[PDB]
Amino acid sequence: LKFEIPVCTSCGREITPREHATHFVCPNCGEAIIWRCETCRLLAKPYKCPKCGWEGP
Amino acid sequence: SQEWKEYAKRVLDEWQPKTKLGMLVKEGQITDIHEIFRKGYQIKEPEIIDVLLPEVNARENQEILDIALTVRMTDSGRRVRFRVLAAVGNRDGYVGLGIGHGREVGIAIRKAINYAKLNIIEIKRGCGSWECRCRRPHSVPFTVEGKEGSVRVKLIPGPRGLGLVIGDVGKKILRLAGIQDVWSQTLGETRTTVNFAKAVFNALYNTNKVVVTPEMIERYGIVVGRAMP
Amino acid sequence: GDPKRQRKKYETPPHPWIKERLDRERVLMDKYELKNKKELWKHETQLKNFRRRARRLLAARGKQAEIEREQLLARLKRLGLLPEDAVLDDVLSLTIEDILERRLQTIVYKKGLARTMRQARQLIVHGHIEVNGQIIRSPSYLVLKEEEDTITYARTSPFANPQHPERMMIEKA
Amino acid sequence: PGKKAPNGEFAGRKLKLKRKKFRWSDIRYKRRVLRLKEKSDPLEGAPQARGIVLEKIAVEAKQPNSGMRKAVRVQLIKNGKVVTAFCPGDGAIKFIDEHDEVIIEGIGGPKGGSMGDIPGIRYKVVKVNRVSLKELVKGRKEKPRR
Amino acid sequence: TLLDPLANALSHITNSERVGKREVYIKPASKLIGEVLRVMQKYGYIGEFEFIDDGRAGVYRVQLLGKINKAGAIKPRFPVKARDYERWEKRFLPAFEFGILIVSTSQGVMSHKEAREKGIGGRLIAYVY
Amino acid sequence: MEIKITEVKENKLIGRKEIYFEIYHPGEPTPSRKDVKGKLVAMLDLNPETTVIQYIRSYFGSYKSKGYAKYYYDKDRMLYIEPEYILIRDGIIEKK
RNA sequence: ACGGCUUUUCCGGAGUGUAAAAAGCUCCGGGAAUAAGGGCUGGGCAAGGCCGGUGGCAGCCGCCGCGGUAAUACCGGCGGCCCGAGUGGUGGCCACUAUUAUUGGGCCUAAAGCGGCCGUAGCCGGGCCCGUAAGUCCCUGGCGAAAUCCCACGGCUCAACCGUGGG
Ligand SMILES: [Mg+2]
Ligand SMILES: [Mg+2]
Ligand SMILES: [Mg+2]
Ligand SMILES: [Mg+2]
Ligand SMILES: [Mg+2]
Ligand SMILES: [Mg+2]
Ligand SMILES: [Mg+2]
Ligand SMILES: [Mg+2]
Ligand SMILES: [Mg+2]
Ligand SMILES: [Mg+2]
Ligand SMILES: [Mg+2]
Ligand SMILES: [Mg+2]
Ligand SMILES: [Mg+2]
Ligand SMILES: [Mg+2]
Ligand SMILES: [Mg+2]
Ligand SMILES: [Mg+2]
Ligand SMILES: [Mg+2]
Ligand SMILES: [Zn+2]
Ligand SMILES: [Zn+2]
Ligand SMILES: [Zn+2]
């Protein structure tokens, strides 16, 4: 098999090999993994957990 | 692959890691090259590439792109410095480019090879030519661009067996990445070798920035990293 | 305007002194015992023309394109450069070595009628080899598959006698 | 400056006139179409010419080189104009005499003109009394009629 | 002054997607912009869109999904024949079947793939990939 | 030499028969016109006085030659139809 | 250096060929015999850090640059490289050149925005409904000689060349 390319939670684009992205468990519930790409972090875009629905940086 | 496996084994057992990612590699929690990318890690120890991609230490997988000597003026004469531009790769899907400086040529060559490893990237390969639709990863999957200084580079998919229709620096870099056929167009001062090489490297990196659909992956035979038969 | 002028059948290199190309071509010249560069260049051009026809036919559609597409495949398998079940994409994997293996010089050496490539060339030039009952003195002639096995010594040649001194030395190899 | 103009579908005449107007700013195009080189060429478009030697001279090399370059003054048969021509080779000036006839051709510098450390000389001697000068300088042949 | 409502709309969309906007408003609407938006939605380059009525020429509200590399008008609107699409593809697109050229035919507005299947030409008006 | 007849055609308008043939002869010179004519007239029962050989041609790397000949039923018709040069070259008549 | 072989080509003959000749082609006798040059050798750019001369003189140099008594760059010897019955010199056109730019260039500081503005022709022009069918797209009749170009098959030993069909 092959491997899956991670995707930003806010905008849905793929993460490039060496960009300044981040990922962490949901602060509210801890059941899902949030990914944020460099552009979304720079512009402070909001994000929403797909399980518990808690939103925002 | 028998030699470089034991080289990687030798390096691993006598290495004391100074960084968190180096520790993850030392303890067997990371076993593949593709697992160090796309998560924001800082890569600061060259032993990481030596363990995960040992074949970048072969002579056929390293190229010295150019050597220049530069001068600083002083009241006691001219102080001379060497600048070396070099590149490494695995001829499948990983490539890196680096610059080194030193008082003698050998020091600069060592440092330049060292910095190329630390600047490693993974790319995408495929077949996108109107006159060759073979779904094999011998070319770029679609047209891409890169730039540095006054230099602009555009890379275009080409038919199997065409060769690399590009200047020599671009030839060396593309060969180290595992690409056999391409067409190209350039603007600016290509005789500035540092900028020419950086523009080609940026163009290769930019294959990751194009948005694609699952259907496209089948149509162009897109492969990320190793071809993996 | 101007009337027709007959044009060269081969193309010259874009730069005369490139080290890598010189090394590659020297290896080929030594291996197949060619007389000069232009001979080699001739065969290179033949290969290029084949590929250029395949590249154009892949991106074409219509009724004449299909006829041309099947004619190209048929000609390539008649010369013995592709197997009977090949497709158009297979045209793009042909190498220069495929064409040189079809020279009458090479085939005379491969079958065991001579001991060396140089001897095969002299046998062809002096008129000791017959191809399907006809004597041909051109070492660069490309042999069709249908006539490959009817290639022998000429029936009027000194070599068409198993007791000839030079033939016994050829057979000892 | 805004967008390059005109871009319109029905603006063909103006676009063609613009391209024609600024093509006269290209010195290559202007010289060819106006035939300026033909108007001033002493060789009258020929690749070689024949002339008669009037005297021998020497030209100093330009800075920072030093040396004397040996040349001849030649009067051309076709129109009577006089031009200077270089004599290439070591000791070549010794094979030339006054009233001898020579064949000259271009010296081969940039833009079809002069070259090296001798600007002002545009031609070189190739034959002397219908014998190749290169042979004479090397040997292999003798200059006739003494 | 305003010369071309369709060019403004496509340049606006490509500017907005580069900074991650989730929706846009196309201010002077028209029927041709609506047909182009329908074709864009069919191939998955945009989400839902809706017409909003002022007393003026109307507004379009469009949802973006980050799936557009680039989009733009073609000026002048070159005529094209039914078997001549490849050279225009090489002019505007990055690989052999990558993206769409949008074509105005006497059978309506459609992608160049559908028109090539029908065997008709028309006028080029836009590209999206 | 071994002779093989390829075609015999009837031409009533001219009043002749036209004969195409091959000769197989490895290791031998090109056959002469006299020998070919004698063999042909024996092989077809012709009056040799009205038998004309048009040509005998050899090829580059071959062991055989191709030939063309004509046979008239009447001598006067032959003298009226055929050119003088071919009848002399075949020894039918004498050059003045 | 020994031992053996061959005869494309070469010398002398017979036949065929030809309007007649000559070439060409098939056979027979002799014999490795009868057959290599031009340019280059510091970088661009493949190839010498060897020897002997000359000493800012003579000379070389498309361009960059060599030569001022210890010249890898001039002249010559010996070596080496490229192409080869050819290989160098001079002049012209295209490419190189996105240095003419529709595709596809520039104009703050490098060549280049009229000192400023009003307006004629031209070019470019906001949304909806109905009609027309000039532009535009599709189908089909009559045309755009042959030679020249591309492909397959066939005839000259193959090819160049020539014929039959498709474009
Ligand atoms: Mg001081
Ligand atoms: Mg920069
Ligand atoms: Mg430039
Ligand atoms: Mg005329
Ligand atoms: Mg070299
Ligand atoms: Mg010169
Ligand atoms: Mg010396
Ligand atoms: Mg010398
Ligand atoms: Mg410019
Ligand atoms: Mg002003
Ligand atoms: Mg005004
Ligand atoms: Mg309108
Ligand atoms: Mg109409
Ligand atoms: Mg015609
Ligand atoms: Mg034949
Ligand atoms: Mg043929
Ligand atoms: Mg013909
Ligand atoms: Zn994002
Ligand atoms: Zn949650
Ligand atoms: Zn391909």
Side-chain angles (χ1 to χ4, degrees), chain B residues 185 187, chain C residues 1 3-4 6 9 15-19 22 36-38 53 64 67-68 71-72 74-75 104 122-123 125-128 131 134-138 140-142 158-159 164-166 169, chain D residues 1 4-8 10-11 13-15 19 22-23 25-26 28-29 43 45-48 61 64-69 88-91 105-110 112 115-117 124 126 134, chain E residues 1-5 28-31 56-58 79-82 91 105-107 119-123, chain F residues 25 27-33 55-63 65 83-85 89:
Chain B
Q185 297 175 23
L187 305 165
Chain C
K4 173 190 176 175
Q6 291 184 29
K9 246 57 177 159
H15 191 302
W17 316 298
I18 310 298
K19 170 163 170 167
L22 287 186
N36 48 37
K37 293 317 266 283
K38 53 183 291 179
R53 288 159 61 190
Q64 182 73 25
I67 292 168
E68 293 203 19
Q71 280 173 341
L72 168 63
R75 182 61 181 177
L104 178 62
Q122 180 167 81
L123 286 186
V125 166
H126 281 197
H128 298 310
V131 181
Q134 159 75 56
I135 293 180
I136 284 165
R137 308 208 212 115
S138 291
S140 83
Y141 170 82
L142 298 175
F159 295 93
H164 189 279
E166 194 67 48
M169 177 59 72
Chain D
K4 177 223 277 175
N7 196 49
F10 296 103
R13 179 181 276 110
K14 182 72 153 64
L15 191 48
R19 184 55 47 203
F22 289 117
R23 201 180 184 193
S25 298
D26 176 10
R28 288 186 311 250
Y29 169 84
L43 266 54
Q48 304 177 319
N65 292 334
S66 281
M68 306 296 294
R69 280 79 180 84
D90 200 340
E105 78 185 352
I107 200 160
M115 63 79 55
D117 63 13
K124 66 176 182 181
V126 191
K134 194 159 171 175
Chain E
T1 53
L2 170 73
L3 307 163
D4 193 335
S30 78
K31 298 302 181 69
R56 322 177 172 187
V80 61
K81 282 180 169 63
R91 189 142 145 182
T105 77
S106 62
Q107 294 185 25
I120 56 181
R123 301 248 176 191
Chain F
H25 57 90
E28 299 172 19
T30 301
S32 191
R33 299 173 72 100
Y55 59 79
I56 301 169
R57 170 187 182 177
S58 287
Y59 291 74
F60 175 89
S62 313
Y63 316 112
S65 298
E84 184 199 45
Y85 82 89
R89 195 159 94 189

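Note on naming: letters A, B, ... go to the chains in the order of the sequence lines (proteins, then strands), and numbering restarts at 1 for each one. Because only heavy atoms are used, hydrogens play no part in the values below, and waters and symmetry mates are left out as well, while side chains stay in.
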*Can you sort out the partners of E:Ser30 under side-chain hydrogen bond (donor to acceptor under 3.5 Å, both in side chains), two or more places apart, ordered by chain and number?*
none

*Apply salt bridge (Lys or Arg N to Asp or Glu O under 4.0 Å) to D:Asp117 and list each qualifying residue two or more places apart in sequence or on a separate chain.*
D:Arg69

Between N or O atoms, less than 3.5 Å apart, protein on one side and nucleotides 19-21 of chain G on the other: list the pairs.
unit_1: G:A20; atom_1: OP2; unit_2: F:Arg89; atom_2: NH1; d: 3.1

Can you check nucleotides 164-167 of chain G for protein contacts, nitrogen or oxygen pairs under 3.5 Å, and list what you find?
unit_1: G:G166; atom_1: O2'; unit_2: C:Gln64; atom_2: OE1; d: 2.6

_Side-chain N,O (C:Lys19) to OP1/OP2 (G:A47) below 4.0 Å_ = no

*asked:* Just N and O in the side chain of C:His164: are any of them under 4.0 Å from OP1 or OP2 of G:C5?
replied: no

North (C3'-endo side) or south (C2'-endo side) for [N] via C1'-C2'-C3'-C4':
| N | value |
| --- | --- |
| G:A36 | south |
| G:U102 | north |
| G:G92 | north |

Results of ring-ring contact (aromatic ring centres under 6.0 Å, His included) for [X] - residues two or more places apart only:
| X | result |
| --- | --- |
| C:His164 | C:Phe159 |
| F:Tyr55 | F:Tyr68 |
| D:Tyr29 | D:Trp24 |

*Rounded to the nearest 0.5 Å, how far does NZ of D:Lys4 lie from CG of D:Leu15?*
8.0 Å

*Spacing of D:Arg19 atom CZ and D:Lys14 atom NZ [to the nearest 0.5 Å]*: 11.5 Å

Between protein and nucleic acid, restricted to nucleotides 24-28 of chain G and to nitrogen or oxygen atoms under 3.5 Å apart, what atom pairs and distances do you find?
unit_1: G:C25; atom_1: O3'; unit_2: F:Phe60; atom_2: O; d: 2.9
unit_1: G:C25; atom_1: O2'; unit_2: F:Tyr59; atom_2: O; d: 2.8
unit_1: G:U26; atom_1: OP1; unit_2: F:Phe60; atom_2: O; d: 2.5
unit_1: G:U26; atom_1: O2'; unit_2: F:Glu28; atom_2: O; d: 2.7
unit_1: G:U26; atom_1: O2; unit_2: F:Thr30; atom_2: N; d: 3.2
unit_1: G:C27; atom_1: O4'; unit_2: F:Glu28; atom_2: O; d: 3.4

*If you check every side-chain atom of F:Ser32, which of G:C161, G:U16, G:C5 has the closest atom?*
G:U16

*Anything below 3.5 Å on both distances counts as a pair; with that, list the stems of at least three consecutive Watson-Crick or G-U pairs involving RNA chain G.*
G:10-16 with G:24-30, G:37-41 with G:79-83, G:50-53 with G:74-77, G:149-155 with G:161-167

*Should we say atom CD of F:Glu84 is surrounded by more than 12 heavy atoms from elsewhere, each under 6.0 Å from it?*
no

*Taking atom CE of D:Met68 as the centre, report whether more than 12 heavy atoms of other residues, nucleotides or ligands fall under 6.0 Å from it.*
yes

*Does the side chain of F:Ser58 come under 3.5 Å of the side chain of F:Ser65 through a donor N or O and an acceptor N or O?*
yes

Mind listing the N/O atom pairs, protein and nucleotides 137-141 of chain G, below 3.5 Å?
unit_1: G:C137; atom_1: OP1; unit_2: E:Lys81; atom_2: NZ; d: 3.0
unit_1: G:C137; atom_1: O2'; unit_2: E:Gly121; atom_2: N; d: 3.1
unit_1: G:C138; atom_1: OP1; unit_2: E:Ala82; atom_2: N; d: 3.0
unit_1: G:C139; atom_1: OP1; unit_2: E:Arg83; atom_2: NH2; d: 2.9

*Which letter, B, S or -, goes with each nucleotide of nucleotides 71-87 of chain G from 5' to 3', with contact meaning a protein heavy atom under 4.0 Å?*
-----S-----SSSS--

_nucleotides 94-104 of chain G: protein proximity per nucleotide (B base, S sugar-phosphate only, - neither; heavy atom, under 4.0 Å)_ = ----BBBBSSS

*Whole Å only: how far is the NE2 atom of C:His128 from the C1' atom of G:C5?*
9 Å

*asked:* Base, sugar-phosphate or nothing for C:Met169? Non-hydrogen atoms, less than 4.0 Å.
replied: nothing

